[PDB]
Every structure is written in structure tokens, then in C-alpha cells.
**Q** 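Okay, handing you the structure first.
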Amino acid sequence: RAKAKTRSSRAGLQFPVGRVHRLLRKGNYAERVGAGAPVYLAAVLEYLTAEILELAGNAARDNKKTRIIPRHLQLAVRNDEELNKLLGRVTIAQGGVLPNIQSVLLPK
Amino acid sequence: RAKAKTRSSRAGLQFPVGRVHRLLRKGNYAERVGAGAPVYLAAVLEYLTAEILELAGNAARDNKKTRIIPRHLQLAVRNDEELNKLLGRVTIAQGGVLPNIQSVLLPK
Amino acid sequence: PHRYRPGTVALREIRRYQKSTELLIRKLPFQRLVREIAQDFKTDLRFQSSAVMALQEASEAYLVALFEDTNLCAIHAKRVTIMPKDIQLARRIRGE
Amino acid sequence: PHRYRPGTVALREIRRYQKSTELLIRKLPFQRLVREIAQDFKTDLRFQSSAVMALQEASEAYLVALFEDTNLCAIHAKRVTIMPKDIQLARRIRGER
Amino acid sequence: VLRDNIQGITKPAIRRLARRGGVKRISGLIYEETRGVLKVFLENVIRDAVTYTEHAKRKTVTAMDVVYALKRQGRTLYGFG
Amino acid sequence: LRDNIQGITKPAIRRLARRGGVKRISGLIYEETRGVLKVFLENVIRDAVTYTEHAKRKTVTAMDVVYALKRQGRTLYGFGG
Amino acid sequence: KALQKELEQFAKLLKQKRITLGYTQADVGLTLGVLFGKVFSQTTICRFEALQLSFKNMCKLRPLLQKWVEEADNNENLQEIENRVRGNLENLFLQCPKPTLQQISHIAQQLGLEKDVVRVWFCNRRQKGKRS
Amino acid sequence: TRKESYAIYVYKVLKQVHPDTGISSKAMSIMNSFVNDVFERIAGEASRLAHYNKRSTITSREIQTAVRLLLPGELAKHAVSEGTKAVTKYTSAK
Amino acid sequence: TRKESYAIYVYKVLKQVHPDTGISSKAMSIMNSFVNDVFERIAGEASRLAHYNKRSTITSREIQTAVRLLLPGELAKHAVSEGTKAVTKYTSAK
DNA sequence: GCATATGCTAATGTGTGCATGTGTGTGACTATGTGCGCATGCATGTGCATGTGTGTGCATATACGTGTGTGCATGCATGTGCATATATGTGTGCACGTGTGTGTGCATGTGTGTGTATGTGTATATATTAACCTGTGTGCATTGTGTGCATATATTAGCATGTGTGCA
DNA sequence: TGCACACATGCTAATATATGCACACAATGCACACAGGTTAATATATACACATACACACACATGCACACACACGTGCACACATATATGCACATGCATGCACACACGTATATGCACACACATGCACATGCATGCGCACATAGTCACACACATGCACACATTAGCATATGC
């Protein structure tokens, strides 16, 4: 045989193409799975993970932290309009809420 | 061999047990489907159909109508506490709304 | 000449339209609106007659249910007149 | 003696509790509440420690989101104090009824 | 098709929808707000319906495409298949 | 385990309202909030226990709660699902 | 300027209408009271018809009398249908020209006079004593 | 071609509860949508239940648990009784 | 036994966008929860898309349509580009 | 005796100054934030190893391109008459301001129930192994189901009557 | 109480929609035969419940008063109800493109089975970012004090009514 190359490396991805293919096969989604379907899905999952991690890392850097905690993920998701829509019915544990006081409640 | 009789008659049901089995098998729900699963599902579907139809037939009779129309189905569902919960996010076409006027809007 | 008090004809219209099931928006103007909105997604789209009917059934059901929620917000503020802020509050709470 | 005017320290608590993420209900009374409610479904029920924590996290998130909606209803009625009818309206609009 | 068809949703039509919703009194600014809300709702449903149509390699939006789009948005509709 | 709903104390409910941005609280909120939380917990726990029966287990796991929450449209992150 | 002669002509005609209508000056004050609410005493009407009041007062009572003479012509039937206290207070002076309210209350209770009456009388006592 | 629907089976159910009551074509379409919607909800929940428990078979036990999760309280109790009775009769007869 | 998760892949992505930033175990669990959630949504929508069109296989075309249906405006456009670029690069190298 | 003219002085009024009240611009008080120093436990890197993804042919069936015929959606043209738009008058609901009671927030003192650590016994969730019953697969017989047509019912459209509510 | 307006009601024709029927056919059932998923019994490690202990921070109750909510009243213009002219939606047909669906051959691609490495997860330290707490700067509160603006009241001028004097 030739040297075994992972499909993720072939597609230039960090997420596991082979695992996604197996999960699609055993997830009872269809009786057949195309060759490019796990590659496309793994790339999309990797892109979305990078979007959140980049925003959460910026939030962690703002609070003078070197480690991302659930609070930074919550700040990243809720301050991003498109991520907030995607995760609008999702609760993040230990994430808290966004600081928001209605202007009518502020003293005059 | 012997004279073929449907599994619906074996289970004492009117809904098609054999068709539910095929819909379960080709619906991509699991690798295998047990023998009792389509029988159980068909009986539940038949019971829920009977519950709505008997309430809708009462609404049609209350309106001096012999034919069930979408209005009678909507009246049956929304006037039944559990059926309204089951179909809470369901829109029935040509069903209308329940007659409901807030008492504050009534003449003084 | 005979004249009804303000709100008397409105109450009759509430009873009239809460009893019937027909579509309350004119069909042809609604169809033109659907095609104009759809032209922003694809050019030279066609619609089945029942496809527009399904859109109108869902649109009117969505608006009627929104007005029911909007009416509760107006009554909550001790009013009987619905206002744009009533609609905005109802859509905010719904998650829209 | 020094006294803050009404609503001054209430606003301080809003800023304090919107900055933090810890659970606001005491853990032990909430665990007793969870087990009491589960008695009506089964007897001799055991709970994983993370199962109760998951329930508390969802419960507090649900209540905080409800209070945000309740606050908007009170402000809509030109008030600053939430009332039971504000909660009832928010749940009715949400469909939680 | 045409342009500026949102005005085709007339004030009497919006009033009838409010009557079915049990609304007794309507402010004059409601009609413009209602038109914006309807356009936003229709844009979301039609965009998904066309996406279903495009995937099927069709040029005609069918009732099923609208039904699937409505189901996708948590607004399942009965009576069209 | 009797009358544990009073374990959700007045200061605990006030802290939850503060995180929600509430500035002033009426005295009747606390009993209303306890009834709301009681209803919410019953719905989640009933589904979570139902998942436990199907697995033939006697221990409610974190996944059972997560699946129960997901079924109700209240997806929770950070507990294995 | 000529307002003087115009007032004088009005007053002469006013006397003529009053004499023609058979109304006494006290009756004129009563009519003014029941038609405006500011009943005037017959001394004011005397000083008017004789042109004794001051110019500002002259102008002030011109309009009321104008209105009465212009209105009453229609129908008439319905429209028709002490020294010892002084001496005691003088004795209270020559010793304390400006008493306090604390003493004023005692003075009022002593002589049975109203507090406002005693206060205004005290003020006018000071006024006429400061004239000279 | 042939389009498959539950119309004939809904009609037989109607003739038992209301022997002298008909149904309109629009109302029959709604009933067909209702049956398909409930079928997909139950089958989807049963499918997830099997995956959660590392099982590859949908059995009547998965269907029964899916019914309890999806139907409201008293509706679920009667539906479970109907399903159990049909499976018992089906097994007793075959 | 072995419990598979996405933690090691999430960590690799984190080092690409933030080489000096770590992640807590609780935050890693949330990221693992997020990946499984999005996977189930896309795969579920793609599964329905194949069923609506009477297809028995899920391909990259079904994934692309599911991504557009499930993701908001700019997220869908960029995710489609990443998915298309990976598929194009994949077939270029077999 | 009543009705006018006088002398004369209570009473107000112009005009005003103080006194009181309200609003705005800051000492003391409190609480959040910012480094600084230090231990903890939790994240991270390092190896076993094993299970899973991969490379390889292999056979199989789905999907796809091609052509086909047909429904059907689009556009047009015509007609009535229903609904829409405009304007007019006006009632009444919205909003504004006022005031008042009391409910709620703030702060204090006290104790008690929570949080943390510790340990233990027990129930139980988990994994292994054997076997067996149930589901799949295959092919054949065939009966039920959907399509396409008749058929006749219920539904819908008028016209006088019959309340039934509103409104002055 | 009586009048005017709107919705309803028994009533008759008309029709289009539902109901029933007959036929092919595709899907269901029947009968094997196979095999693997599931069950069951066992053992094992897990982690949950139970008890015990401590210290202390939070919860509870109280007292105080501030200001928010609720009722009240006012006025105004906004929106309802109405009438009238009219635009246009609805229905109705007619024609044609045209897209959709069926049907089919068939290659491309996916599953299958198997050997085999290697990537991933569990376990193992390890050190380092987070938490914890002390002191100190620092933004904020508000309360307090001061200054300004505004009414009665009174300093003196006007005003108007009383007692008695004259007069018709």
C-alpha cells in the first residue's frame, strides 16, 4: 500500500473528515453518503468553530485573560448578530447575560 | 400457503400497519424496525385521528352541518386543551380563529 | 341621520371576522407582492396557484396572531388602541 | 448615618449580577426541590451531581430571560416595578400557557 | 410582480386582520408598521422556499416548497400537502 | 422532602431579577415566580425521568436532562450535549 | 385731556337717565351689585354725579355705569324682583407707637374688635400721625 | 402516477365515530397533513431514543416512550393504552 | 471505554486563530456541544432534503442547501465558500 | 321721611423687602476597581495502545443525461360591481399633570442553614460472554389502493320575515 | 319607549363538490433461510446517598421613609363612522409556451469486505493562569449649603363707605 493520508489533510481541514463520514453513516440520515458530503460538512463545522473561537479569544483578551471560559463564549455569541440568531434558543452554561440596563431605569 | 390477511386486521386497526412499516423502513429512522413498532404507531395515529374527528363532527353538528370543513377542525383543536397543546405551532388553513373579545373592549 | 357611536361598528366587525374563515387580503395584490419579493432571489420564477395560497394562509395567520398579542400589550398599558410600540414589544417577547 | 436613596443600590446589584456568571439560587435547597418534584414521577430516584447542575443552569437561565421579558412589559406600562400581571403577559406572548 | 406592491396591502385589509385579532381601535401608524412586518415575514419564507426550489433544480415554486419552508421556521401549515 | 419550593428564597429571586435588569420588584412577584419555576421544573424533570425509564436506569443523568431540555426547545450547552 | 369733558357730559346724561328711570342712588348701587357683584354705596354715586371722585376712579367706574344704562332699558320688573374705644386706643398710644402682634391680639380681645380691623386701624393711625 | 395519502383510512375512522357525517376535500387534506406530522414527530423521537441508547432497532418500546414525550398528559395515557392493546391483539393473533 | 469528542480538533482550530490563548474544560465542553448541535441540524436538514427529492444519498449539494437554510446571511455565504473550497481541494488530491 | 351732599375715616391697593423654598453645585461616605503577592488545582504536554479510519479491489445500484408528452402557469382580453380612497364631522380615548397613600427599598442585628471537607457503605451502571430469537432478504402470489369516471347529495345564493341590539 | 339598523331564519333553485364505483397495478403478505442485534447472566468498578463536622456568610425579621403607582381630572386631536366617487379585483375565458414529470439506458460512484497502520483517547505528571486577599487609588453618591427667585405685607397713596348734616 501507499502511505495512508487522512482525508482531512487531503481537504486541508483540521476537523476529522473520516469521523464525520462515519457519524453520517450511522446517524440514520440516508442509506448512502456521498464522498464530498463529509468534506463539505467538516469544513463548515471548522469554519463555524473558528468564528466563535476568534470572537471568544478577543473577549478573553479584553478581560485580560489568557484562557477562554464560558463567559467569553457567551459574550462572543450574543454580541455577534449572526451568531446570536444561530444560537438564539441555546443556553450556554456559566455564560451569564449581556450587561444591559434600560435607559428609563437610569437616574436622571 | 394461506389466504393473506393484512396486519391491520390482525391488530384490529383501520390505519395501514403494512404501509407504516414501509414508511418507517424507508424513512431513515433506524437500521431495523421491530414487528410491534408499526402496529403501535398505527394504533396511536388511528386514536388521534378518531379524537379530532369526533370533536370536529360535534362542531359540525353544532353548526347544523353534515360535512366537516376546516372550520370544524380548527374549532375542535382550539377548544380542546390537550389538542391545542399538541398543535400549538400548527396553522390550519381556512380554519379561522376562536371567537374571543377582551372584556375591556366590551361596551360599558 | 342615524350614526353609531365610535367602537360599536368596530365590535360588530370583530364578531363578523372572528366568525368567518375567508382570506382578508385581496388575492391579486398579495400575489404581486409575493412575486416582487421573490424576484430578489431568482429571476423569472413561476408559482403554483396553491403555492401563493399557502403563502397567503400563513401570512394572514401570522398577522392575526400578532395582532392578538399586540392587543394584549395595548390592554396591558391600560389602552384600547394598538400602537407600533405594541407590535414592537410583542415581537421582542416572541423572539423576532 | 449614610443612606442610599431607593433604587441606587438596586442599580448597583444589576451591574454586579450582570457581570458575573455564578448560580444565584443556593445549590442545596434547589437540589431538595428537584428531588421532591421527581418523587411524583418515580420513587427511589437517584440523581447524578451534574444532572442537578444542568437543571439549575437551565432553570436560572429560563427565569432570568423571563425577568428580562417581564421588565419590558412593566416599562411598556410606564412602570419601573415588575408585577405578577407583567409575568403573566410575558408568558402569554411567549406561548408558555 | 411589479414594483412597490407592499401598498397593495391596503389599510382596510390590515383593519380586517386586526378585527380577526380582536382589535377594537387602531392607530394610524399601525398600517406602515404592519407592512414592514409582513414584508420581513414574507422575505424569510420566500427565501427558504426558493432555496428548496433551487435544490430541486426547478423554476416553479410549489406548495410543498412553501410548506417545507414554513415547517423549517416552526410554522407548520396544514391543508396543502 | 416536603415544601421545598420555599427554599427558593426572596433574596434568590431578587438576584435573578437583578441579572434580568429589574430595578423594582413587587411583593407578589416572589410567590408568582415560585409557581413559574415549579411548572418549568415539572416539564423538564418529567421528560428527563421518561428518558431514564427507557434506558431502564434508576439514576437521572446529565444527558437525560440535556435531551429533555432539547425536546422542549431549550438546548443547553456544556453538559455533554 | 378732553376725557374730562367727555366724562362730564356722560355724567350729566347719566343723571338725566337716573332721574327719568325713577331709581335712587342706593337703588343704583343695588342694581350694580345684582348685575355685576360689586355693589357700590350711594356716596360713590353722589360723588360721581357731582364729579367729586378722583380721575382714576372716574375712569374705573365709567364702564360699569355705561353697561348698566345700556342694559337696564329693556325690562325693569325682573331686575327689581365708637368714641370710648377711640379714647382707649388713643390712650394705648403715646406709649408704644408700633405694638407687636402679641400685644395686638390682647388689644383686640380687650376691646372686642376684630384682629384685622384693629390692625388696619393701627396702620391708619400711624399713617395720619406721620402725615404731620 | 399514484399519490399515497391517508384519506381512505381517515374516512373509515370517521364512519365509526360519525357514521352520517362527511368531510370536505380541504378538511381531508388537513387530516392527511396531521397524520403525517404526528407520524414524523413520533418516528423522529423514537429514532433519537434508539440512538441515545446505542440501539439499531425501533421497537414498540421506543414508540411508547416517544408517545409519552410528545403527547400531553391524558392524551398520552389513552394513546399508550390503544397502542398496547393493538400490539397485544396483534401478537395474540400472530 | 473511549468517549469520542471534538476537543482535540477544537484545540487545533484555537491554535490557528489564537496561538497564545487557552481554553477551559467547561468552555471546551460548550464548544463540543456546539459542534454536535450544528452537525445534527445540518445533517437533519440534508436528510430531509434528500427525502423531499426522492434521493437516497446525501451529497455535498444537500449539505450546501442545508447550510444556506440553517445559517444566517453572511454566515451562510462564508460557510458555503469554505465547504466548496475544501471539496474542490479534496477532489484535486483524490 | 326719604333722598341726596358732606367730613371723616376702614380698607384696599401699588409697590416692595424680606423671608422661605427650591434647585444646583460640592465635603464626607461608600463601594468598585487596580495592582501586588501567593498558593491551588486545573489545564497542558507526554506516552501506551487500541480501535478506527484508510488503502484496495470488487460488485451493485443509484443517479444522470436524453428524449418524451402533457399539464399548467403566464399572459391577454372583457365584463360587472364590490371594495377602496377621499373627505367630513365629532366623540372619546390618549396623554398630560396633580396629588396621596403605601408599598417597597435600604439598612441593621441575629442566628441558622448552606457550603466544604471527610469518610463509608451500598446500590448500580457498565462491560464481558454466550446464544437465540427476531429482523432482514428474497421471491412469488395477489389483494388492497389510487385513478378515472358517473352520481346526487350538501352547500350556496336570494327574498321576505323575525327578532335583536343600539341609540336618542 | 319607540325608531332604525344589522344579523338571523324558513324558504326555494341551482350547482359544484363530495360520494360511490370499476380497473389495473404496485405494494403488501407469505414463506422460507440467514445472521446479527439483543438479551441475560455474571462480574466489577463507580459514584451516589448517607452521615458527620465545622465555620460563616447569607437569610430573616425589623424599623424607617422615600417615591412610585394609582386614582383623578383636564383638554385635544386622533381615529371612528359615514357618504360618495371610482379604481380594480374577481371571474371567465382563450391561447401558447414551457417546464415538469415519466421513461430508459448506463456509467459513475458508493457500499462491502479486509488487512493494517496510526491517529485518538485514557492516564500520567507538571507548572502556570486563576483565584484569594491585602492595601490603595478612585469614581460615585448625596447630602448639605448657598444663592436666586418669588409671594404677604406693609410704606405710603388712593378709594369708598359710615354718621350725620342738609334738602325736596
Side-chain angles (χ1 to χ4, degrees), chain A residues 1-2 4-7 18-19 22 32-35 65-67, chain B residues 1-2 4-7 18-19 22 32-35 66-67, chain C residues 1-10 12 26-29 46-49 79-81, chain D residues 1-10 12 26-29 46-49 79-81, chain E residues 10 12 25-28 58-60, chain F residues 9-11 24-27 57-59, chain G residues 24-26 40-44 46-47 50 53-54 56-57 117 120-121 123-124 127-128 130, chain H residues 1-4 8 22-25 55-57, chain I residues 1-4 8 22 24-25 55-57:
Chain A
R1 291 181 196 165
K5 281 214 37 163
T6 87
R7 286 189 272 166
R19 184 183 294 197
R22 184 249 303 168
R32 298 149 78 84
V33 184
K65 303 278 154 253
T66 89
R67 186 155 84 205
Chain B
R1 279 189 50 109
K5 67 135 73 203
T6 55
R7 289 136 87 199
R19 180 187 293 199
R22 184 244 306 167
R32 311 144 71 78
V33 179
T66 89
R67 207 179 281 151
Chain C
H2 178 93
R3 183 163 257 273
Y4 278 115
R5 302 257 220 106
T8 293
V9 186
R12 265 165 27 206
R26 308 270 65 104
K27 289 174 165 65
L28 268 171
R46 308 157 71 89
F47 286 83
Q48 306 200 323
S49 78
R79 285 186 273 103
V80 293
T81 311
Chain D
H2 176 87
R3 277 194 71 96
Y4 284 111
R5 271 155 96 241
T8 288
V9 343
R12 290 209 276 94
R26 315 262 50 101
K27 302 218 185 2
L28 185 53
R46 321 156 68 79
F47 283 81
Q48 276 187 3
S49 97
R79 303 185 261 100
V80 295
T81 151
Chain E
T10 61
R25 217 158 168 278
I26 303 155
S27 95
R58 280 187 273 106
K59 284 175 209 134
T60 303
Chain F
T9 60
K10 193 170 116 74
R24 207 164 178 274
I25 300 151
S26 73
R57 288 187 269 100
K58 324 193 35 173
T59 310
Chain G
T24 73
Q25 298 199 6
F40 277 23
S41 69
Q42 66 104 0
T43 49
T44 309
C46 280
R47 301 215 149 193
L53 297 162
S54 179
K56 261 182 68 193
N57 198 227
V117 177
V120 301
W121 183 88
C123 194
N124 274 230
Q127 214 264 330
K128 144 273 286 183
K130 86 186 204 302
Chain H
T1 51
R2 308 215 325 165
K3 194 89 68 56
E4 259 187 17
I8 61 161
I23 190 166
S24 76
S25 144
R55 291 313 173 71
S56 61
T57 324
Chain I
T1 62
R2 320 221 311 165
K3 324 175 177 97
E4 284 172 10
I8 58 137
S24 78
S25 97
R55 291 312 181 63
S56 64
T57 167

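What you see below is based on every heavy atom in this structure, not just the backbone, and it leaves out hydrogens, waters and symmetry mates. So that the names make sense, note that chain A is the first sequence line, chain B the second, and so on, each numbered from 1.
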**Q** Between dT120(K), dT130(K), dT124(J), which nucleotide has the shortest distance from any of its atoms to the side chain of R19(A)?
**A** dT120(K)
**Q** Looking only at heavy atoms, which two atoms of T81(D) and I25(F) are closest? And how far apart?
**A** OG1-C, 3.8 Å
**Q** Please report the groove contacted by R46(C): major or minor, with a side-chain heavy atom under 5.0 angstrom from a base atom on that edge.
**A** minor
**Q** Within the 4.0 Å heavy-atom criterion, would you say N124(G) contacts the bases, only the backbone, or no part of the nucleic acid?
**A** base
**Q** Rounded to whole angstrom units, what separation is found between the CD atom of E4(I) and the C1' atom of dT52(J)?
**A** 8 Å
**Q** May I ask you to classify the sugar pucker of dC122(K) as north or south from its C1'-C2'-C3'-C4' sign?
**A** south
**Q** Who is the Watson-Crick or G-U wobble partner of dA31(K), with both distances under 3.5 Å?
**A** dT138(J)
**Q** For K3(H) and for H2(C), locate the closest nucleotide of DNA chain J by heavy-atom distance; then report the residue assigned to the nucleotide nearer the 5' terminus.
**A** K3(H)
**Q** Could you tell me whether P1(C) contacts a base, only the sugar-phosphate backbone, or nothing, with contacts defined as non-hydrogen atoms closer than 4.0 Å?
**A** nothing
**Q** When you get a sec, tell me which of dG91(J), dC106(J), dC8(J) is the closest nucleotide to the side chain of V9(D)?
**A** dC106(J)
**Q** From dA69(K), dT120(K), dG37(K), pick the nucleotide closest to the side chain of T57(H)?
**A** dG37(K)
**Q** Hey, does the side chain of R55(I) come within less than 4.0 Å of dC64(J)'s phosphate (OP1/OP2), counting only N and O?
**A** yes
**Q** Whole Å only: how far is the CZ atom of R12(D) from the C1' atom of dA139(K)?
**A** 13 Å
**Q** Let me spell it out: for each of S24(H) and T60(E), pick the nucleotide of DNA chain K with the closest heavy atom. Which residue's pick is nearer the 5' end?
**A** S24(H)
**Q** Give a single yes or no on stacking for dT44(J) with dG45(J), with the cut-offs at 5.5 Å between ring centres and 30° between planes.
**A** yes
**Q** How many angstroms lie between atom CZ of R58(E) and atom CD of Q48(C), to the nearest 0.5 angstrom?
**A** 7.5 Å
**Q** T81(D) side chain N/O closer than 4.0 Å to the phosphate oxygens (OP1, OP2) of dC68(K)?
**A** no
**Q** Side chain of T43(G): nearest nucleotide among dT38(K), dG161(K), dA125(J)?
**A** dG161(K)
**Q** If we call it a pair only when both distances are under 3.5 Å in a Watson-Crick or G-U wobble match, what pairs with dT34(J)?
**A** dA135(K)
**Q** With rounding to the closest Å, how many angstrom separate the P atoms on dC152(K) and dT12(J)?
**A** 15 Å
**Q** For the side chain of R3(D), counting heavy atoms from C-beta on, which of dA59(K), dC64(K), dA26(K) is nearest?
**A** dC64(K)
**Q** As an exercise, state the distance from OG1 of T60(E) to CZ of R46(C), rounded to the nearest 0.5 Å.
**A** 5.0 Å
**Q** Which is true for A35(B) with a 4.0 Å heavy-atom rule: it touches a base, it touches only sugar-phosphate, or it touches nothing?
**A** sugar-phosphate
**Q** Measure from the side-chain heavy atoms of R58(E) and tell me the nearest of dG135(J), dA101(K), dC167(J).
**A** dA101(K)
**Q** Are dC11(K) and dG158(J) a base pair, Watson-Crick or G-U wobble, with both contacts under 3.5 Å?
**A** no
**Q** Whole-Å distance between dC162(K) P and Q25(G) CD?
**A** 14 Å
**Q** Does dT68(J) have its sugar in the north or the south range once you look at the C1'-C2'-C3'-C4' torsion?
**A** north
**Q** Check every strand shown and say whether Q42(G) touches a base, only sugar-phosphate, or nothing at a heavy-atom separation below 4.0 Å.
**A** base
**Q** Got a donor-acceptor pair under 3.5 Å from the side chain of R79(C) to the base of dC94(J)?
**A** no
**Q** Would you mind pulling out the nucleotide paired to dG73(K), Watson-Crick or G-U wobble, both distances under 3.5 Å?
**A** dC96(J)
**Q** What is the distance, rounded to the nearest whole Å, between atom CD1 of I8(I) and atom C1' of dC118(K)?
**A** 12 Å
**Q** Tell me the partner of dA5(J), counting only Watson-Crick (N1-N3 plus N6-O4 or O6-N4) or G-U wobble (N1-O2 and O6-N3) with both under 3.5 Å; none if nothing fits.
**A** none
**Q** Describe the nucleic acid contact of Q127(G) in one word from base, sugar-phosphate, nothing, applying a heavy-atom distance below 4.0 Å.
**A** base
**Q** Toward the 5' end of DNA chain K, which comes first, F47(D) or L28(C), by nearest nucleotide?
**A** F47(D)
**Q** For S25(I), report the nucleic acid contact type (base, sugar-phosphate, nothing); a contact means any heavy atom under 4.0 Å.
**A** sugar-phosphate
**Q** Can you tell me the Watson-Crick or wobble partner of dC148(K), both distances under 3.5 angstrom?
**A** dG21(J)
**Q** Describe the nucleic acid contact of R1(A) in one word from base, sugar-phosphate, nothing, applying a heavy-atom distance below 4.0 Å.
**A** base
**Q** Want to settle it: does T1(H) or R26(C) sit nearer the 5' end of DNA chain J, counting the closest nucleotide to each?
**A** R26(C)
**Q** Hunt down the Watson-Crick or G-U wobble partner of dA28(J), both distances under 3.5 Å, from any strand shown, or write none.
**A** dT141(K)
**Q** From the set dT39(K), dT124(J), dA18(K), return the single nucleotide nearest to any side-chain atom of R67(B).
**A** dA18(K)
**Q** Can you tell me if the sugar in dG79(J) is north or south, using the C1'-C2'-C3'-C4' torsion?
**A** north
**Q** So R24(F), base contact, sugar-phosphate only, or nothing? Heavy-atom distance under 4.0 Å.
**A** sugar-phosphate
**Q** Please classify the sugar of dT153(J) as north or south using the torsion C1'-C2'-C3'-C4'.
**A** north
**Q** Side chain of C46(G), heavy atoms from C-beta onward: which of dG144(J), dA5(J), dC48(K) has the nearest atom to it?
**A** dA5(J)
**Q** Need one value for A26(G): base, sugar-phosphate or nothing, where a base atom within 4.0 Å counts as base even if backbone is also close, heavy atoms only.
**A** nothing
**Q** Among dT62(J), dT52(J), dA89(K), find the nucleotide with the atom closest to the side chain of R22(A).
**A** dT52(J)
**Q** Expressed as a whole number of angstroms, how long is the span from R5(D):CZ to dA65(K):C1'?
**A** 13 Å
**Q** Counting distance alone, no hydrogens or angles: does the base of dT147(J) have a donor or acceptor under 3.5 Å from a partner atom on the side chain of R2(H)?
**A** no
**Q** Quickly work out the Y4(C) OH to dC3(K) P distance and round it to whole Å.
**A** 16 Å
**Q** Rounded to whole angstrom units, what separation is found between the CH2 atom of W121(G) and the P atom of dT12(J)?
**A** 17 Å
**Q** Is there a Watson-Crick or G-U wobble pair linking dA16(K) and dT153(J), both distances under 3.5 Å?
**A** no
**Q** Side-chain N or O of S56(H) versus OP1/OP2 of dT38(K): is the shortest distance under 4.0 Å?
**A** yes
**Q** Tell me what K27(D) touches on the nucleic acid: a base, only sugar-phosphate, or nothing, going by heavy atoms under 4.0 Å.
**A** sugar-phosphate
**Q** Phosphate oxygens OP1/OP2 of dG161(K): is one of them under 4.0 Å from a side-chain N or O of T44(G)?
**A** yes
**Q** Does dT158(K) have its OP1 or OP2 closer than 4.0 Å to a side-chain nitrogen or oxygen of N57(G)?
**A** no
**Q** Rounding to the closest angstrom, what is the interatomic distance between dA33(K) and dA109(K) at atom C1'?
**A** 31 Å
**Q** In Å, rounded to the nearest 0.5 Å, how long is the span from OG of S26(F) to CZ of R79(D)?
**A** 8.5 Å
**Q** I want to know if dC162(K) and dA163(K) are stacked - that is, whether their six-membered base rings have centres under 5.5 Å apart and planes under 30 degrees.
**A** yes
**Q** Measure from NZ on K58(F) to P on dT122(J) and round the result to the nearest Å.
**A** 16 Å
**Q** Can you name the nearest heavy-atom pair linking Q42(G) to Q25(G), along with the distance?
**A** O-OE1, 2.9 Å
**Q** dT19(K), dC30(K), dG111(K): which one has an atom nearest the side-chain heavy atoms of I23(H)?
**A** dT19(K)
**Q** More than 12 non-hydrogen atoms from neighbouring residues, nucleotides or ligands closer than 6.0 Å to NZ on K3(H), yes or no?
**A** no
